[PDB]
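Tertiary structure, described
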There are 2 protein chains.
Amino acid sequence: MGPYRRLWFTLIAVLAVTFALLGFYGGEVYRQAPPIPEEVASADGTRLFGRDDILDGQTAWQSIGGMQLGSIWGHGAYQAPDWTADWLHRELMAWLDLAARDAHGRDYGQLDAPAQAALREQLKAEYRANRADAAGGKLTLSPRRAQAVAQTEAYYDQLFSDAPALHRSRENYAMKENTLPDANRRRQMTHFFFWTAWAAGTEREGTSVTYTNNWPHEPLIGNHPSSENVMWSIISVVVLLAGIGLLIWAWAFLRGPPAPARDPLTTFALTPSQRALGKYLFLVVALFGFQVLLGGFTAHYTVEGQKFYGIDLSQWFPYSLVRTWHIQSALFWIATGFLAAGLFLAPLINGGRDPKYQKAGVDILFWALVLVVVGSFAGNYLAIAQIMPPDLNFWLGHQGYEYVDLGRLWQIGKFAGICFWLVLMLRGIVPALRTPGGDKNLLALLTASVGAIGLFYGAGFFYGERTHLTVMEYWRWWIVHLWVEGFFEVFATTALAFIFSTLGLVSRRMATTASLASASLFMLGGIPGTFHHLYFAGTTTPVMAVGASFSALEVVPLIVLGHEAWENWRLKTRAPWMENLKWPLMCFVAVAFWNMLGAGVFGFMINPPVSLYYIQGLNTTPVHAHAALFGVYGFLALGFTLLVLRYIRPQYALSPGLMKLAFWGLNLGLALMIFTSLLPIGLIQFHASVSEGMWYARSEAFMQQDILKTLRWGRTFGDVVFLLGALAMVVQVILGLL
Amino acid sequence: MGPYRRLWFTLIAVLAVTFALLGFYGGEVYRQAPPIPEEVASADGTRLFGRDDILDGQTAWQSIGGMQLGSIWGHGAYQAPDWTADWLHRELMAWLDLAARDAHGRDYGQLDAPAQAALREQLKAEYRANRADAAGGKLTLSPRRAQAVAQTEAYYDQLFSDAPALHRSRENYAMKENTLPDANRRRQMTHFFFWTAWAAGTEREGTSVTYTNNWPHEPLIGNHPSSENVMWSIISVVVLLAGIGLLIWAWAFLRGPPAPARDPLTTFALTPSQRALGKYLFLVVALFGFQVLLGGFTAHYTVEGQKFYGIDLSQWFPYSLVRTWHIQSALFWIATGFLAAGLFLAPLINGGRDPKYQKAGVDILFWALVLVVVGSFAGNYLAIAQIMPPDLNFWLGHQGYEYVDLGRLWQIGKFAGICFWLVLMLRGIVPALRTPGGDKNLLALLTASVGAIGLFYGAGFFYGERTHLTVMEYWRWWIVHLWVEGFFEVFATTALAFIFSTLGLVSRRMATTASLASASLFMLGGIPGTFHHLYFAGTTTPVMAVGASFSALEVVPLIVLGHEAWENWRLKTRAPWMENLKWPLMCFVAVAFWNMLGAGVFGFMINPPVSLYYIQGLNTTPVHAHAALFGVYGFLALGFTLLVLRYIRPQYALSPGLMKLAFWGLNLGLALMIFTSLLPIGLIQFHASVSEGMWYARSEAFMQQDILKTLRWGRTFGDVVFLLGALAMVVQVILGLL
Ligand code: HEM
Ligand code: HEM
Ligand code: HEM
Ligand code: HEM
Ligand SMILES: [Ca+2]
Ligand SMILES: [Ca+2]
Ligand SMILES: [Fe+3]
Ligand SMILES: [Fe+3]
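Residues numbered from 1 in each chain as written, not as in the entry; some residues may be left out. Chains lettered and ligands numbered in written order. Heavy atoms only, no water. Residues with missing side-chain atoms left out of burial classes, pairs and counts.

Judging from the entry metadata, cryo-EM is the method by which this structure was determined, and 3.9 Å is the reported resolution.

The name given to chain A in the PDB entry is Nitric oxide reductase subunit B, with Alcaligenes xylosoxydans xylosoxydans as the source organism. Here the entry title, as the record gives it, is "Cryo-EM structure of dimeric quinol dependent nitric oxide reductase (qNOR) from Alcaligenes xylosoxidans".

Spelled out as structure tokens, the structure:
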């Protein structure tokens, strides 16, 4: 309570109206989803696959890499072409030849211009029709379409089967040699690729958009952005520029501490529990050196084929296996960065004593946390090699969906570990607010943050092996755009301000009101901002209305970062003994520079739904993904490491001269391979994706254009700058642990 | 010179690099203009009109209102449809009917869908070809196109002719009854319309865009935006956001006065010259009341036809006359407000004495201005009614182009009056900085601003009666986007800081650096920002490449207006005698609010070239025009009126209770007639313009859709608030002049 009745009500007011908006629209994503047809038949009488064969074909797609091989409805990896827009153009060109063979005498390519436009108008009448029969379950597609589907089916049966004809196209797609040894799996898998491009073509009931909201930009069947799609883009621009101006207008009008001579953390000297965190500062730097070194190993498969300078490590370590470890070990060391600074802050609040069985609680968390890492990395190896039986795949092995690629049995092992980290926080915080005090204001906010950071991983359930892919793309982003983006940015603002409150630099009054205006602004457009990962995947038009207007308000408090980047840096002059923490106070400054240039600048370039239409599935998304994940949550795990290196080894200097290469190799290393080798490839692809089609921007005839070859062979001029910038950090921490 | 060596070098550096970028591209706008063909002939052998007939048709179009009747290439008025898209659609449907009449047996409307798409591909083949013969001067268009042009000539001959059949379509376009009594004048005007929509269809040499950069969005002949258009749009967006964030960053990191007891302006008491400004302060409010009444009179012709509750004032006072007066008297009173403020500031700088024959120039300049006003209005009335002979039209009468609609002789009169104001400034300012002092830092900037504001009306020359329309649209925006937008915003910052410096509130050190940091920022994207009025008018793609990217940087220093709207309002508390200037210190705050909400927010909504494509010529442009013209330079001539009411009548109070109404009527009326009756009309026109075509968003089958009728019949509820606010302000000024 206290005098904070205004602030503590407007945070619950945001978390009540902007939290039912994932629930009032969460039923809209379910019952407006593209249905899987019960029976696919031809008009002559034969019966093709049904809804059982599609779902078993989905499990065949998961066993080869899932979204880490080639993207489906845009989301995935960006080397192999998306199989819902590469199946589409190969099916329409098969139809255009089977409708020209009995038209004059020739094919679609050898007709003059006025007569070849009399066939693309017949494509719009058949392929933008023949939807479901209103719970009759039948499809009954045309017999000229039954021959074109079976014609292109033999091309995808020959691509995943070790055939000698399609070499040097399995080399530009970074598929190993087989990718599916069994024969009935890839006969069932390419039935699933039909349904993922059946829904991309058929019209919804009465409207002028498709089931996937007109996504794969194809000039044959008239796939152009909607009328309501362009009108909801210009509304999304005026929300931003009238939000930035009205924030600085209300900031400049509605406004209106001697430091101690000793550091108050060295007066405690707690030996038994906080000395056991030396392992956790090793697991951060061991996974960080392993995660960069995979990056130079998965970017090598982009440039070359599968050679690796002599013998090929391609039948053991293919592209979709080294990419799966590159994302998954990245989310671990960001997670165990906060887990070190979380458990360090547990016994420091309740005086300087530990709870009962605290060191016994820490020493069994770490050996269960390392059980998951080397336990999930075996499941990826025994599933992409296709050794494990396919019925037991989802539980241990490989899930298929990116950012949740650890198996279901191992996924409980990550959820049980953070839930065990939850009770080790609450046993050390309930003797601090259940005591009769009157200053439990920051402690009540931090209690709500630790309760939310460990229970929002549980939304990674509610989807199993065989549920509908629109349901698998709704609960998946609840832990990527709400647990990594949202609630890692609440816990890293309070616990950041809790340290500056304890050292005696902020006066605990402007450390709480600054942590409820910077905890409700990030949540105003953060919980209903989940929906900008669900534009073109089985949704209606109001889903891009909630996710393009209420998503610009998480770009409003990110551009204005002059404050909270100077008043976290001018704390250096407030004490003579703030030279010992100079380098953590330089990492919490370069968090702010990449929270406006990775989340604000490069994050709004792809936000409005006319410019996510042409960009979704290109090389402009890993510009935003590399910069907003290492820049914002990747310098916090290195700011909470070189701070926790102090107070547990308070005798070793940080050795400047090494840190000036360990800090200025991460910044300039990240801003040189983005602005030379990932951004200009993302604009040659954008110039082709809006001119010709979506299939043209990922086709292998385009990605070997002799200008996109010299623009990814120049990744290595920035890769080795990042490499030595990462080695100089881990050599410091290993030297610091002695 | 002095300690200001950095700023006074970077301002000349900006005005040196961003000023050759107008000349080196003005050469490109000249030598890449769409040529007028020397001879138009048919393929059978006959000879149609030539280029002289096209130029006489241009003069005939000028004689009836010019751009105030119906827009040409988007620029103009927004009631009658743009003739270069309406002519285009009528000519294309005439060609489709003449090519279907000899195809099977029917027309384009009564053909099935696959066979009517075999004629639009022939429209794409014939109409996107047959350009000029490489300076051969001939056209030699197809005889079917000759028959289609001769067929659609008769409708536009019948529309401007008093013909009975075409009533109640001459009433929804607000044309009086005749608009052209002579017959050869409209017979040549139709040929001019043929030229201005011939340039909208033909392909440039080798490229894939037209001469007017693919402008009139027509799905028949494939008029869709380019790829480089969309690429420069996304580049413009990232330039804006990366500008705002870096400006706030470098503001927050790179930083580092007793008031007197008496007002220092009442200590001078200069009686002979400054008492002669009552005529100017009466002329400002007289033209302001007359202009608001003309605005209320010209919006009635939108809602009703030409009735005016009984007898019609339509053959004497048509829509074109009242619209021309509504723009021109607005520009006149906005100019003479600054003129009176500068002439007040003239003798105060050189101590408290006047130059020789100072009262005589003031006493003749007022009668010269009022002579120019009544002669221009008499010329408009005697030119639109078609009484004055067509040989003598451009000199006195009506020019045709909007914002320069006063005739050439009256234009020389206005330029001579502003030059007389210039020499009256320089005869009073040169004995103040030629004295041996060391404080001529602000006065040099003010002298350069006076030399800028008084000379660049002279770029309204260099185009006469018969030059090419791309040349007439290059020198026209040199006095609308560089003399009104740019150099009225330099003269209003230095004079404001000079007044706040002379009064003894700022310390003259932060009044100079803040008047070059806020004079070099507005000029970085202001002089090469002219080019966003020249996207789709006879230009190439480098012109929009300059005018998007280098124009987003004049939106960057406008959103951040928390500073320069609080440090100009917190000057009120610095003295007890700053209650006498309370209302100018609210006008100079409403200037900042509408400068961020009419130039930033609603001004960037229409800026990027993919969203100016569908918007150019709609009801979203008068939103930005009414907001940024009365909001920024309209409260400035009401701040410099109620400040100059002090120090010449320093005995009459401002009478609060009336000033609250005269402020919060203007603000609430301008913010309520924009957000109710001009913004959703603009959004409905945007939706229909991006769905169907450009002809559909201005057609009279669409602008009576029964929802656009109730959305402009609610203009009056915002009109009467603005009306009563204007009446309260003028009755206050008339009561104060006694
Ligand atoms: C020198 C440093 C790095 C290199 C060479 C590298 C390599 C790569 C490459 C080539 C991709 C593109 C994969 C594809 O095309 O499908 C990628 C994706 C990704 N990287 Fe890195 N990486 C580096 C640093 C990092 C770091 C430090 C992190 C996080 C802690 C990270 C997180 C990610 C993520 C999340 C993706 C997935 C993007 C997406 O699929 O949309 N990267 N990495
Ligand atoms: C602040 C921390 C942020 C993080 C950690 C983050 C992380 C990510 C990642 C890793 C992806 C790639 C997902 C994938 O490959 O499937 C992504 C995509 C995306 N992000 Fe962010 N992001 C952040 C901020 C933002 C912001 C502020 C916006 C504002 C509009 C935004 C808009 C988007 C959009 C539209 C996509 C979809 C791009 C696509 O699917 O191709 N992000 N985000
Ligand atoms: C109650 C107040 C006003 C009313 C009813 C009014 C009426 C109108 C109307 C209906 C238009 C649209 C003409 C068309 O559609 O072609 C217009 C245009 C315009 N008005 Fe006003 N007006 C008002 C106030 C003002 C003021 C105070 C200014 C001060 C400078 C102003 C400047 C302009 C300009 C420059 C245009 C031309 C916009 C363009 O052609 O793009 N108006 N006025
Ligand atoms: C600050 C003072 C400003 C003033 C006095 C002003 C005035 C005007 C006026 C009167 C028009 C209408 C021209 C016509 O009807 O032909 C116009 C158009 C336009 N303005 Fe502004 N403007 C200002 C700021 C801005 C800014 C900051 C931008 C930034 C991008 C901008 C972008 C545009 C564009 C693109 C158009 C063309 C719209 C069209 O032709 O339909 N304006 N301006
Ligand atoms: Ca991805
Ligand atoms: Ca206009
Ligand atoms: Fe997101
Ligand atoms: Fe402009």
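Quick look at the coordination of the calcium ion (ligand 5) now. Coordination of the calcium ion (ligand 5) by the protein involves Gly76(A) (O), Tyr78(A) (OH), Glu402(A) (OE) and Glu402(A) (OE), with metal-donor separations of 2.4 to 2.9 Å. Of the two residues, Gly76(A) and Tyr78(A), both sit in the buried class. (Donors = N, O, S within 2.8 Å, 3.2 Å for Na, K, Ca; no water. Buried < 20%, exposed > 50% of the residue type's maximum accessible area, 1.4 Å probe, protein only.)

Here we take up the relation of the copies chain A and chain B. Taken as rigid bodies, chain A and chain B are interconverted by a rotation of 180° and an axial shift of 0.0 Å, the fit giving an RMSD of 0.2 Å. What the superposition gives is, in effect, a two-fold axis relating one chain to the other. Considering only C-alpha atoms, the part of chain A nearest the rotation axis is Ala118(A), at 2.9 Å. (Least-squares fit on C-alpha atoms.)

All names here are of chain B. Of the strand pairs in this sheet, strand β1 (residues 39-41) and strand β2 (residues 47-50) are connected by two bridges, and their pairing is antiparallel. Bridging across to β2, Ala-41 finds its partner in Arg-47. Adjacent in sequence and paired antiparallel, β1 and β2 are bridged by five residues, among which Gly-45 carries a positive phi angle near 145°. (Pairing = 2+ DSSP bridges. Helix = DSSP H or I, 4+ residues; strand = E, 2+ residues; numbered from the N terminus.)

For the rest of this paragraph, the subject is the packing of helix α10 (residues 278-298) of chain B against helix α13 (residues 358-384) of chain B. Residue and element names in this part refer to chain B. Where α10 contacts α13, the two axes come as close as 11 Å, and the packing angle between them is 20°. Put simply, α10 runs roughly parallel to α13. Remark: the crossing between α10 and α13 carries left-handed chirality. When α10 is examined against α13, the residues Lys-279, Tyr-280, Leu-283 and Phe-290 are found in contact with a partner set consisting of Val-362, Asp-363, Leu-365, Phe-366, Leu-369 and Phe-377. Grouping the amino acids of the contact of α10 with α13 by side-chain chemistry returns eight nonpolar, no polar and two charged. (Axes fitted to C-alpha atoms, helices over the stretch in contact; angles between N-to-C directions. Parallel < 35°, antiparallel > 145°, perpendicular 65-115°, else oblique. Left-handed = near helix turned anticlockwise from the far one by under 90°. Contact = heavy atoms within 4.5 Å. Nonpolar A, V, L, I, M, F, W, Y, C, P; charged D, E, K, R; others polar.)

What follows deals with unusual backbone geometry. Located in the positive-phi region is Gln386(A), a residue other than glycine, with phi close to 55°. Considering the arrangement of structural elements, one finds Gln386(A) in the loop between α16 (381-384) and α17 (408-426). In the Ramachandran plot, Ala134(B) falls in the positive-phi region, its phi being about 60° despite a non-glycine side chain. With respect to the helices and strands, the residue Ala134(B) is situated in the loop between α6 (120-126) and α7 (143-159).

Residue and element names in this part refer to chain B. The local shell around ligand 3 holds 21 residues, among which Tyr-78, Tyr-319, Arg-323, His-326 and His-626 are the closest. One of the side-chain nitrogen or oxygen atoms of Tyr-78 is found 2.3 Å away from an oxygen atom of ligand 3. In the environment of ligand 3, a nitrogen atom lies 2.5 Å from a nitrogen or oxygen atom belonging to the side chain of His-626. For the shell around ligand 3, the elements supplying multiple residues, two or more each, are α10, α12 (319-349), α22 (621-630) and α28 (716-736). The leading source of residues in the shell around ligand 3 is α12, at five residues. Residue composition of the shell around ligand 3, by class: 11 nonpolar, six polar and four charged. A domain split of the shell around ligand 3 shows at least three residues from each of domain 1 (1-33 + 225-738) and domain 2 (34-224). (Near = heavy atom within 4 Å. Polar contact = N/O pair within 3.5 Å; in protein donor to acceptor, adjacent residues only side chain to side chain. Domains from an automatic or database assignment.)

With that settled, consider helix α1 (residues 7-17) of chain A. Residue and element names in this part refer to chain A. Of the positions making up α1, those classed as buried are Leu-7, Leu-11 and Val-14. Taken end-on, α1 shows its buried residues confined to a sector of 60°, consistent with a single buried face. Opposite the buried face of α1, by more than 90 degrees, sit the exposed residues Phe-9 and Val-17. Packed against the buried residues of α1 are α19 (442-453). (Arc of directions from axis to C-beta.)

All names here are of chain A. Looking at chain A, the domain boundaries give domain 1 (1-33 + 225-738) and domain 2 (34-224). Placing the centre of domain 1 and that of domain 2 at their C-alpha centroids yields a distance of 37 Å. Counting each side, the surface lost to burial between domain 1 and domain 2 is near 5200 Å², with a carbon and sulfur contribution of 49%. Among the residues domain 1 hides against domain 2, the three largest losses belong to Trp-695, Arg-698 and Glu-700. Together they make up 13% of the total. Taken together, domain 1 and domain 2 are joined by one salt bridge. (Buried area = accessible area lost by both parts, 1.4 Å probe. Salt bridge = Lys/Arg side-chain N within 4 Å of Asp/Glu carboxyl O.)

On to the nonpolar core, then. Generally speaking, nonpolar side chains in soluble globular proteins are found buried as a group. Within the largest apolar cluster, 453 residues are counted, with the highest numbers of intra-cluster contacts made by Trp333(A), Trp421(A), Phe288(B), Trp333(B) and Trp421(B). It is α12(B) that contributes the most residues to this core, 16 residues altogether. Those residues in contact with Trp421(B) that lie beyond four places of it in its chain are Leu339(B), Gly342(B), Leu343(B), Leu365(B), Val450(B), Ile453(B) and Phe491(B). (Core = buried A, V, L, I, M, F, W, Y, C linked by side-chain atoms within 4.5 Å.)

With the rule as written, the count across this model stands at 23 salt bridges over all chains. We note a salt bridge from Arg128(B) to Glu203(B), for which the minimum N-O separation is 2.4 Å. A residue pair is termed long-range when its members are at least 10 positions apart, and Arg128(B) in the loop between α6 and α7 and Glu203(B) in the loop between α8 (184-196) and α9 (228-253) qualify at 75 residues. Relative accessible area serves as the criterion here: at 13%, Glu203(B) is assigned to the buried category. A single network of salt bridges, built from pairs that share partners, joins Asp56(A), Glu465(A) and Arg466(A).

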